[PDB]
Every structure is written in structure tokens, then in C-alpha cells.
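Read through the structure below, which is laid out as C-alpha cells, and then see the notes.
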Amino acid sequence: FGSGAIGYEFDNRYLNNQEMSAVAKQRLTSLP
Amino acid sequence: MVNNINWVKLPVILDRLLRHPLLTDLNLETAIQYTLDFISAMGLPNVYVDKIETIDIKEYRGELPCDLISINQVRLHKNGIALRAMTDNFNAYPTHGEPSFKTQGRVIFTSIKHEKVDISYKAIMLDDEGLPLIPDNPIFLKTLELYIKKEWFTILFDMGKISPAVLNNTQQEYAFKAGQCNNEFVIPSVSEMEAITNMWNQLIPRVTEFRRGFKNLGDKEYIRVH
């Protein structure tokens with residue numbers, strides 16, 4: 001059948017947690 | 001400063017920024033604000049125009065010029081004797097000396113009641129438009145360009161539209177050129193190291209150059225033969 005309001009929010013939340021991991025590897029380094 | 005300050009209009013900085021395709025949404029309006037933040041943060045006294053105005057003090061107060069940014073000295077008009085600074089907490093206030101001044105807004109607060117004073121000050125150089133005019137120094141111009149590129153990239157890094165490696169390169173390159181631009185404007189010319197030489201080499205030390213307009217500061221000290 002079909003209804004995609006919980007498939008959407010779980011997929012949108014998995015890409016959020018994957019994006020959250022990617023921005024936690026960002027470093028503005030502090031050697032010369 | 002070794003080089004002369006030849007003046008150019010603000011849109012000459014926009015030919016240089018819009019060579020970068022990520023800085024193509026920049027304006028004159030954004031170039032105006034980021035220039036004045038840059039001009040201030042460097043604090044180079046060669047970028048300002050030296051002016052002198054005589055104002056009259058009515059009662060320990062006088063109205064300051066509209067373009068004034070920093071006072072070089074205030075002095076009296078009839079004597080030429082310079083005013084130092086107001087350390088008094090109770091200045092023009094009576095109960096039941098060496099003259100002074102104090103400036104907060106567009107008002108100067110002196111120690112003298114009814115007197116005319118000369119004020120030597122610094123202003124910003126303007127255009128035919130009432131807009132700032134910047135040096136054509138390609139060191140100044142490059143690091144003003146790197147200033148605006150670092151303020152625009154900092155917004156874009158907060159938005160997530162710039163790599164942290166990209167901003168780290170811009171923050172590094174602005175950091176080098178800002179010291180090179182400081183040293184370009186501060187380090188004296190050959191003709192200013194001669195006045196520095198004459199102040200430094202003084203057998204009888206001259207310790208009252210503030211009373212004059214620092215006029216005889218770089219004068220050479222001569223000793224008679226005996």
C-alpha cells in the first residue's frame with residue numbers, strides 16, 4: 001500500500017545524524 | 001612610511017574581490033562598512049588627513065569639528081602653549097594651573113573659560129561623494145581585500161557553505177598580510193629615521209617637546225667646540 005510520513009521522518013533523521021557526524025570531524029587547526 | 005599615500009576610490013577594491021566567484025554578491029555598501037572596520041582595526045595614522053581648526057571656548061566648553069576622529073594636540077591660540085589632559089574630577093565646578101582639555105563627543109572640555117584654541121586633528125579623506133578614499137598601496141589593497149574575503153567567508157562558514165580548510169587558509173593569509181601592512185605603514189622612511197636619529201642622540205636631553213607642537217622634536221642637537 002502506501003503512507004510515507006514515518007519513512008520520511010526516519011530517513012530525514014538518519015541523514016541528520018550522518019550530517020551531524022560529518023560536522024564533528026571539522027577542525028580549524030592551530031599550528032602555524 | 002616609505003611610500004606615498006596615493007588616493008583611489010573604494011570601487012578599486014571591488015575589481016579585486018569579484019575576481020573570486022564566491023565573492024560576486026558583494027556591493028559598494030558592503031565594501032564601505034568593511035573598509036571602515038579595517039581602517040579602524042589597523043589604526044594606521046598615515047591613512048588619516050591632518051587638519052587644524054581654531055575653535056573658541058565659551059565656558060570650559062567648545063564645539064569640535066564635524067570630521068574629527070582623533071586629536072593630535074590642542075593648544076592655545078594666543079600663546080601656542082599646548083594643553084595636556086584633564087585629570088581633575090571637579091573641573092569647571094566651583095567650591096564655596098597648567099591648562100588641560102577633555103573631549104567626549106562633539107564637545108571639548110577645557111580648563112580655560114573664555115579662550116580660542118587650535119586643535120590639530122585627524123579626519124577621513126572623502127571623495128566627490130561623501131565616501132571614504134583608500135590608499136592605492138597594493139599591500140593595503142591586498143589585505144583589505146583579504147579582510148573582506150575573511151568576513152564574507154566567516155558568514156559562509158557559519159552557514160555551512162565553505163570548507164573549514166578554506167576558512168583556515170583565509171584566516172592565515174589575512175593574518176600574514178595584516179602584519180606586512182602594519183609594518184609597511186609604520187616602519188619609517190629615510191627622512192623619518194633622520195628625525196628619529198636627532199631625537200635619540202642628544203647630549204643635553206630635550207624633554208619638553210610637547211609644549212611645542214613637537215616642532216623641534218627631530219631637530220639636530222649641536223654642541224659648541226671649546
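Letters A, B, ... mark the chains of the C-alpha cells in the order given; residue numbers begin at 1 per chain; ligand numbers begin at 1, in order shown.
Applying a distance limit of 8 Å to only C-alpha atoms, the residues of chain B near chain A read residues 164, 165 and 168 of chain B.
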Just N, CA, C and O atoms for this one: save the residues we selected as an mmCIF file, in the first residue's frame.
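Contents of again_4.cif, as written:
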```cif
data_model
loop_
_atom_site.group_PDB
_atom_site.id
_atom_site.type_symbol
_atom_site.label_atom_id
_atom_site.label_comp_id
_atom_site.auth_asym_id
_atom_site.auth_seq_id
_atom_site.Cartn_x
_atom_site.Cartn_y
_atom_site.Cartn_z
ATOM 1 N N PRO B 164 36.058 24.094 6.242
ATOM 2 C CA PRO B 164 36.931 24.613 7.305
ATOM 3 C C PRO B 164 38.378 24.748 6.876
ATOM 4 O O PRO B 164 39.114 25.523 7.485
ATOM 5 N N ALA B 165 38.812 24.022 5.847
ATOM 6 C CA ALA B 165 40.137 24.246 5.295
ATOM 7 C C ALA B 165 40.196 25.525 4.483
ATOM 8 O O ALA B 165 41.258 26.145 4.392
ATOM 9 N N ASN B 168 40.334 28.392 7.030
ATOM 10 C CA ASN B 168 41.609 28.389 7.735
ATOM 11 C C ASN B 168 42.724 28.970 6.875
ATOM 12 O O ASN B 168 43.665 29.565 7.403
#
```
Please extract the residues of range 105-170 of chain B with a backbone DSSP assignment of strand (DSSP E) and present them as a VMD selection string.
chain B and resid 107 to 110 115 to 123 133 to 135
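Closest to residue 138 in chain B among B:177, B:220, B:206, B:51 is B:177, based on only C-alpha atoms.
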Compile the contact shell of range 61-63 of chain B as a list in words: residues with an atom at most 7 Å away, counting only C-alpha atoms, same-chain residues fewer than 6 positions apart removed.
residues 55, 106, 107, 108, 109 and 110 of chain B
Would you pick out the contacts of residue 22 in chain A at 12 Å or less, using only C-alpha atoms, so that residues sharing its chain but fewer than 6 positions from it are not included, and give the list as a PyMOL selection string?
(chain A and resi 15-16) or (chain B and resi 160+163-164)
Using only C-alpha atoms, find the one residue out of B:200, B:101, B:222, B:153 that sits nearest to residue 60 in chain B.
B:101
Extract the full set of helix (DSSP H, G or I) residues from range 25-197 of chain B according to DSSP on the backbone, and format it as number ranges by chain.
B: 28-42, 138-159, 164-186, 190-197
